[PDB]
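The residues making up each chain are set out below.
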Amino acid sequence: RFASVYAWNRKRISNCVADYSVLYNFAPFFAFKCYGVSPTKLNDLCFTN
Amino acid sequence: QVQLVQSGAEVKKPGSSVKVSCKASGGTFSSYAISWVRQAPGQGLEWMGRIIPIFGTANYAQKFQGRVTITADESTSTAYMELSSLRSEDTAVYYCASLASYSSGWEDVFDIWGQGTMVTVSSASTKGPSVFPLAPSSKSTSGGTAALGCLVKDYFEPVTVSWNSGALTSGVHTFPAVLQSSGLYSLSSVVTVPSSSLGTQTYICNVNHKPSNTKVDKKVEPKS
Amino acid sequence: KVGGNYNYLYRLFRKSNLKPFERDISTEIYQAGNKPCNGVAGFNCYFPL
Amino acid sequence: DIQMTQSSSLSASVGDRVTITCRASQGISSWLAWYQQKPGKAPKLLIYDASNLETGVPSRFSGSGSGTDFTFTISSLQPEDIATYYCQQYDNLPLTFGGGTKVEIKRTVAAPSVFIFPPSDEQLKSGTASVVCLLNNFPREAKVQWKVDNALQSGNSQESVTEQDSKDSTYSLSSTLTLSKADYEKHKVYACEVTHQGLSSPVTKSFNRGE
């Protein structure tokens, strides 16, 4: 899904672990960039939701 | 150490798209930044755009956006330039230079420059020149000197006009590139030689046009 | 400069914390570890500057 | 938008001091450079900071000024200074360059070698005629006009001036008339009269139908 920029789909992901080292880093994902945080540190720093 | 090399000359029709590039030789593609600048006949340098291959940031001049597009890559390590809907006025030479403002507190100046890519726009195509000699009268002699002419018209664009198989160079007067209304160019060379030699010594004028790979040699003769 | 002034740069990530009054002139691409990196690459092998 | 104006052509002899400035409408924050360039060739950068020379250029070249003004200077001219120089602004992204000041090695004036030749039968049998007027080894300004049939005519010839000669700083103006064979045979005399910044009078040279 989410084939359009309008009526875009969103999710509230909370009460759960986020292993960005394996998730969001698989092979099909070609590009990956960040603002205000480097990915290698985002692997460690966490938040509320 | 860094050095740049550009593509060869190009010639195409108005309203079409022209493609040109420059190799990012020397150093590395990551430690290099390219910028394209135009220089039109009878005008100074003029900016076209800038591109940083590693950062991917690009911009254009306020009068060439859309008309001009810039791209680059690392697999070939070169900045790609494409000019669309080119006018007849777009006949000019384009330069690709190093953008120093990319790293380490340098500023937006060009320390390394390429050779240059000549892009010409006309209705004609690449064809050989038409050549013919002069024919001065004997009474044209003046002060021990006489003129000898060799003209080229309807050519399409370097034409080397040499005298005595190129063995004569003193007093060579040459035309700059002048285009006719038919979309063709012309060039003529005229030399000053001793007047007593006219008629007694043999002189010949030669022409060469590398694009079409042709030569023309003609003998000049007075008449009365 | 409007959309310019690229000559000013900073390092986002490093192999280790820089020591006091240290200075790394080199701009070698950080290694990711999970994959070989000799040229440009993705997650962790991005241009450090 | 920001722009500049170099102030356009100069002539100097080896040893003297020359100065050039490129004005602007708004104060450039000392972000100005100057290049050396032969007309229609890849430039060479000389000054990139207002008071710092690049590696490779001798101290003979220099520059001064700050803010909304600048002055490029050569402490002494040499024969290698036969080229044009471009003032460049890089205060903002929309890069612009100057028109380019050109300084020519100065060897004093000389009288021109004036000449003429009518067209050949090769040109005549094709339905057209041409007459080349000549000025050789002379500053640059000059003019050519024609008086076929003793009456004044103008606007029918192509005037082309050659770049400066490095041997004597002289120039060469080679011009050519081009008309039809009908226009050739209509008039009883075809004449070129040459005017030049230095010449005693309009130099008259003509021919007739047969010759």
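Structure determination for this PDB entry is given in the record as cryo-EM, at a resolution of 3.27 Å.

**Student:** How do you make sense of the pattern of salt bridges when you look at a structure like this?
**Tutor:** Opposite charge on two side chains lets them pair, provided their charged atoms get close. Residues and elements named next belong to chain D. Enumeration over the complete set of coordinates arrives at seven salt bridges over all chains. For the salt bridge of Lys44 with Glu54, the shortest nitrogen-to-oxygen distance reads 3.9 Å. Taken together, the residues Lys44 in strand β5 (residues 44–49) and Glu54 in the loop between β6 (52–53) and β7 (61–64) connect sequence positions ten residues apart. Classification of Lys44 as partly exposed rests on a relative accessible area of 42%. For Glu54, a relative accessible area of 19% corresponds to the buried category. Taking the shortest distance from any N to any O, the salt bridge between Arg60 and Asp81 comes out at 3.0 Å. A residue pair is termed long-range when its members are at least 10 positions apart, and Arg60 in the loop between β6 and β7 and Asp81 in the loop between β8 (71–74) and β9 (83–89) qualify at 21 residues. Among the residues examined, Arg60 registers a relative accessible area of 18% and is labelled buried. Classification of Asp81 as buried rests on a relative accessible area of 2%.

**Student:** Got a minute to help me understand unusual backbone geometry in this structure?
**Tutor:** Backbone geometry follows two general trends: most residues other than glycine have a negative phi, and most peptide bonds adopt the trans configuration. Positive phi is not limited to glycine here, since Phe2(A) has a value of about 55°. Relative to the elements of secondary structure, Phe2(A) occurs in the segment before α1 (39–42). Taking relative accessible area as the criterion, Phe2(A) reaches 65% and is therefore assigned exposed. Of note in the backbone geometry, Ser104(B) takes a positive phi value of approximately 50° without being a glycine. As for its position among the elements, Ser104(B) is in the loop between β9 (92–98) and β10 (117–121).

**Student:** Even after reading the chapter, I still don't get the pairing of β9(D), so can you show me in this structure?
**Tutor:** Each regular strand shows side chains that alternate between the opposite faces of the sheet. Residues and elements named next belong to chain D. The buried fraction of β9 amounts to seven of the seven residues, a majority that puts the element mostly inside the structure. Here strand β4 (residues 32–37) runs beside β9; their pairing, made up of six bridges, is antiparallel. Across the sheet, residue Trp34 finds its bridge partner in β9, namely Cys87. Alignment of β9 against strand β11 (residues 101–105), held across three bridges, turns out to be antiparallel. From the neighbouring strand, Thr84 faces β11, where its bridge partner is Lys102. With two bridges joining them, β9 and strand β10 (residues 96–97) adopt antiparallel strand pairing. Directly across from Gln88, in β10, lies its bridge partner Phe97. What sits between the antiparallel neighbours β9 and β10 is a turn of six residues.

How each quantity is defined
Residues numbered from 1 in each chain as written, not as in the entry; some residues may be left out. Chains lettered and ligands numbered in written order. Part of a larger assembly, values for the part shown. Heavy atoms only, no water. Residues with missing side-chain atoms left out of burial classes, pairs and counts. Salt bridge = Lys/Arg side-chain N within 4 Å of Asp/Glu carboxyl O. Helix = DSSP H or I, 4+ residues; strand = E, 2+ residues; numbered from the N terminus. Buried < 20%, exposed > 50% of the residue type's maximum accessible area, 1.4 Å probe, protein only. Pairing = 2+ DSSP bridges.

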